[PDB]
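In what follows, a single structure is set out as structure tokens and then discussed.
Quick reminder, even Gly has a Cβ in these numbers, built from the backbone with ideal geometry, and neighbours come from all protein chains shown. FYI, it's all coordinate maths here, none of it is from the lab.
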Amino acid sequence: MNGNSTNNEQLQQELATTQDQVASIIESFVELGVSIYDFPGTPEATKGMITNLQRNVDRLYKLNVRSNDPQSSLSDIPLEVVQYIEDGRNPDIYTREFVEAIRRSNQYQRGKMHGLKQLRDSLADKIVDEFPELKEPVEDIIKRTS
Amino acid sequence: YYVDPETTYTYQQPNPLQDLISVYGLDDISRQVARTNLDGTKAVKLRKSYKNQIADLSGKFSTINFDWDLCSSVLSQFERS
Amino acid sequence: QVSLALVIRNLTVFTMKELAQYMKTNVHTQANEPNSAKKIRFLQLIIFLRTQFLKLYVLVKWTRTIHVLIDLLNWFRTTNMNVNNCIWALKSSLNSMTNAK
């Protein structure tokens, strides 16, 4: 029990660190774009642009190196999820409808199981009734099924 | 004829009759993204895509071998011109 | 199952290749083109790369939230089309065996 909790905590910490690093990368890219749009052409601005580019490259390299660690806890995303997330929204209706379909399938399964159970119970009862000589195997049939 | 006492069929595991969500203690995430709360009221507004997961970040998302030093120097020379 | 590390490595390799191609194209592009157009193209490329990295960020956040719901979801789907396949197999068996009737 303790090992699973420790592994979960380590995975959460690693994912939080990755999230923070990627957020910093995104902020640096936003700053880079802002500087490019409002570039004055001064040598100091050029040096700042070079430093920002170097920092972005170093951050990307560090993220690639850390995320590729075989010992990292990071090591499924279906293509349908990628297709659904391309619609500019908050990702809930896909899960809602597909879980609704899942629940409908489960309710169908339970209802058909109950129906089949009553079917074979009634059939066993009547086979015992009109055919007492076959009563003994029928119960064994239940033992063979249940 | 086919009644073989040696042939015994076991119950399918897990049993679909039982609550399969709670078999492995898998109710936390289901409750987190449940359609409705315990009182039946809507919890959160529902939508389709990942856009609202990036709204907190700055920006306007209206529509949704290699020498780095040499490239940086080339960009610097181009910008200074 | 696709490893997240492999996806991240592939995305980084694609980003590096795109950046190298853009730098090369700027290198052999004639100087007659105004620097404003090149700056706009570089900004657009940076925005696209940032969007890809933000998609990776969203995937990382989802994995941080992560599989329990995914595992239940996949198991229930497997049960569903297994039942459907059993029904179709029953129908096919009756269609085939009607000849022997």
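Dividing the Cα radius of gyration of region C:8-83 by 2.2 N^0.38 Å, with N the residue count, gives 1.82.
Across the options C:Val68, A:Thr51, A:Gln71, the greatest Cα extent toward the positive end of the charge dipole of the protein assembly as shown (unit charges at beta carbon of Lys, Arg, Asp, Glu) belongs to A:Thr51. The distance between label points at C:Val83 and C:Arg41 comes to 5.7 nm (points 7 Å beyond Cα on the Cα→Cβ vector). Relative to its Kirkwood radius, the Cα radius of gyration of the protein assembly as shown gives an Rg/Rh of 1.18. The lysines within cross-link reach of C:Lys17, meaning a Cα-to-Cα straight distance under 21 Å and a gap of 8 or more places when in the same chain, are A:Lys62, C:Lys38, C:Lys39, C:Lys55.
The calculated FRET efficiency for the pair A:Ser5 and C:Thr65, based on their C-beta separation and a Förster distance of 22 Å, comes to about 0.80. Beyond 18 Å, how much of the Cα-Cα pair distribution for chain A remains, as a whole percent? The share of Cα pairs beyond 18 Å in chain A comes to 79 percent.
In summary, the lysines within cross-link reach of A:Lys135, defined as a Cα separation below 22 angstrom excluding same-chain residues under 8 places away, comprise A:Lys117, A:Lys126, A:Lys143.
With a 10 Å radius around each residue's Cβ, average the other Cβ atoms per peptide and rank A:5-11, B:2-8, highest first. Can you show the working numbers first?
Numbers: A:5-11: 11.4, B:2-8: 7.9.
Top to bottom by mean Cβ count within 10 Å: A:5-11, B:2-8.
Between region A:1-27 and region A:79-113, the alpha-carbon centres lie 28 Å apart. So what are chain B's ellipsoid semi-axes, whole angstrom, largest first, if each one is the square root of 5 times an eigenvalue of the alpha-carbon gyration tensor? Rounded to whole Å, the semi-axes are 59, 28, 11. Applying 1/(1 + (r/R0)^6) with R0 = 30 Å to the Cβ-Cβ distance of C:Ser92 and A:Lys143 gives a FRET efficiency near 0.45. The three principal axes of the C-alpha atoms in region B:33-74 carry coordinate ranges of 63, 24, 15 Å, sorted with the longest axis first. Here the sum of -39500 (n - 2.57) over DSSP H runs of 4 or more residues, divided by the residues of chain C, equals -30500 deg cm²/dmol at 222 nm, to the nearest 500.
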